[PDB]
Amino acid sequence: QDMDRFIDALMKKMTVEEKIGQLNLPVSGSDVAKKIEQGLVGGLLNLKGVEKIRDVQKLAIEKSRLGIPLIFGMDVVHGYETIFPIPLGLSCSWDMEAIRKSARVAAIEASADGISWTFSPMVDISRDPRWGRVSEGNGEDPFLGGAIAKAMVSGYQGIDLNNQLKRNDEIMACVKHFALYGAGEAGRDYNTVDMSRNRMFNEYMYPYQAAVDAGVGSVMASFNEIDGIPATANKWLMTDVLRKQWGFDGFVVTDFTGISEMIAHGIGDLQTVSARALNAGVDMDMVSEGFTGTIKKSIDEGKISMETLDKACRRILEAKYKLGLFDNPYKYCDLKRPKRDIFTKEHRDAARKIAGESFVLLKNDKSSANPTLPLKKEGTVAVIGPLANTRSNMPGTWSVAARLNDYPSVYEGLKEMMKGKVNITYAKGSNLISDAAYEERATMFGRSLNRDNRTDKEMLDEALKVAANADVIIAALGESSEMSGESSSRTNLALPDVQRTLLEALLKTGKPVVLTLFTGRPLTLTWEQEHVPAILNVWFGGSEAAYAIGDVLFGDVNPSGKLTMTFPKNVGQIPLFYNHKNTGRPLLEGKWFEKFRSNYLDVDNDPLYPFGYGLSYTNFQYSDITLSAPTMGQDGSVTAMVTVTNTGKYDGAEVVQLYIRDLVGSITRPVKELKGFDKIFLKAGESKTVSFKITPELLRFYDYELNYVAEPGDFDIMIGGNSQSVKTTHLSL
């Protein structure tokens, strides 16, 4: 109606070259202004500062023939300047409102600085902790993945589908990486992906669909091939699935240089592969110049229709309309806003809050028979390890707008907040890893630890001198932030060598030790789980991480996070995940080892920590399940409720999880699927009922012909505090 008629007239004034130019998305890198004057830039990524963005925008408005405004993109992944936990840690909060509010805040900060478009949320399902980009995602499960995709896009864009992007603090979200990028073979970033159509839809695709359903304005095509076709050239995925079946209405952008990397892939030259991508459904070309370089010749030669180009152009224009940018090219260019909106205390309070509700307590034995945690606010507490006094490694990877050198390290932030209460000391203890050249590439992008030439024994001795002065050791150990993220694959998931050696020495002091574990991925921790009294997985907490860790270790906040990705025992178990098929020879409960079952010779089938695992300072008690009927026909739905009681000594939160088992299928079904969850707070002593409505929709799945169906027969309804501790009841449809 309004939009259509307005874009109609604009497009009537546009040459074929100007339409192609709308598809072009370079970096800002005097240079770029010449392209804009010629009409060749549809948008810009990675320019920073509201004042520079406005100046570039004035060029498009006043010096291109047609005055079409630009989109301004950036990877706002878990914060602009206020830095939240890395997405993988954030997912462990299981707190959909807190996650939406973290996106709302990032949108407000980046919009204050002229950014209208973020390459986020990342929703790739991942079952392989070798892939460093698992830190950017939501874990292994497509139901939780879908809800979080929903929280992030609604936080970025607005909650009401029919009233998004209309505020100057709402920005366009970009869901990535369509698709299956998390199944890169052997955990190596960019590697081949291959899987059946059924596995895709039943296990990998839904979180993309949730983002589209949530209103996401853009989609990014992934680097990986699918069915032998790079995603950026896959008509089936970019048209049949994304548009025909899912009903997406925004535009598709490639990843960085996605188009020209298809040459490397092995499917042709730049003209050939640019036309395939445009014909596939790809709308916007990030840096490759494949569209600008070759579309007009391909149209000349009949390999692309004017129709195809006009669709892609209109989608670019439609996004700019929906953002409000024809109404006002400077909607996001308020030079006053960054002082009012960026790194405020209200933003930092909420990031610190959610950080301490995202950490995951994996162990809390004795080290006196009290649990080691929480810690008494007294005495002397030494913080020892390579991660104890580094500012730049606090935000996590993918924080390209952060102020790395400004945020407090663990040693600093605890010393400040416990001023007058606890004597906080420090020892580096060890390097990151004994391999210096590895430590260097693990600490790039400003994350150096300023590695010395001290022998491992020199730092070891210094740390034991300091630990003898202390009552409790906080071992700050694990990964550097850039040991995860893009192009950060590991074949080994252990605690690095010199750190584990430092750790045992600290355990040999007989003093209580709290492992404060920094990581972007599941790690292999069987030794730590056996020998270390207390273990808190702090992932990477963001810019406020030090204080949140102080909140949790000293009991000001009772930990409530739970794993959203499985923690295998060793690397040989990958992939290991909670929602697997039963197989025809399952190892039954307690039976490892049994010959001629599906198990290994040298380790049992179990993860170290299952999906949904998370301890608390307090314990929770579950009743059995109350179903409102045993069959579904009775009312078309049923209700499954339990009462959870806080039986310990601490007010605390508990993530109640709903699992379902389709017992008999026309194809093999998983042994459980997350189908619901509810995070509740309980005062010590109090109880509450948690109900879940079971609907026929909740039981659907893509059968062998890819029909989305619920089949009659029996289900097991389970509820509990992780995918291994559940009460069970029984329903049929």
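Position 1 is the first residue in the sequence shown; the rest follow in order.
Q: Counting only residues that lack coordinates, how big is the gap in the deposited sequence between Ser367 and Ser368? Pick none, 1 to 3, 4 to 9 or 10 or more.
A: In the record, 1 to 3 residues between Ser367 and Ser368 lack coordinates.
Q: For the stretch from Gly29 to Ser30, please bin the deposited residues that the model skips: none, 1 to 3, 4 to 9, or 10 or more.
A: Gap between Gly29 and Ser30: 4 to 9 unmodelled residues.
Q: Name the higher of the two by mean Cα B-factor in the PDB entry, 254-262 versus 645-653.
A: Between 254-262 and 645-653, it is 645-653.
Q: So which stretch wins on mean C-alpha B-factor, 633-641 or 340-348?
A: Mean CA B-factor is higher for 633-641.
Q: Quick one: which of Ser489, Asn224, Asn469, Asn234 has the biggest Cα B-factor according to the entry?
A: In this record, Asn469 carries the highest C-alpha B-factor of the candidates.
Q: Just to confirm, going by the entry's C-alpha B-factors, which of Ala106, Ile71, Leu270, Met418 comes out highest?
A: Most elevated C-alpha B-factor of the set, per the entry: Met418.
Q: Taking only the Cα B-factors deposited for this chain, tell me whether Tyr708 sits in the lowest, middle or highest third.
A: Its C-alpha B-factor belongs to the middle third of this chain's values.
Q: So where's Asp606 on the chain's Cα temperature factor ranking, which third?
A: It belongs to the lowest third of the chain when residues are ordered by C-alpha B-factor.
Q: Please rank the C-alpha B-factors of the chain's modelled residues and tell me whether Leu47 sits in the lowest, middle or highest third.
A: It falls in the middle third of the chain.
Q: By its CA B factor, does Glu440 count among the lowest, middle or highest third of the modelled residues in the chain?
A: Ranked within chain, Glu440 CA B lands in the middle tercile.
Q: Check where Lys562 lands among this chain's C-alpha B-factors and tell me if it's the lowest, middle or highest third.
A: Tercile = lowest for this residue's CA B-factor.
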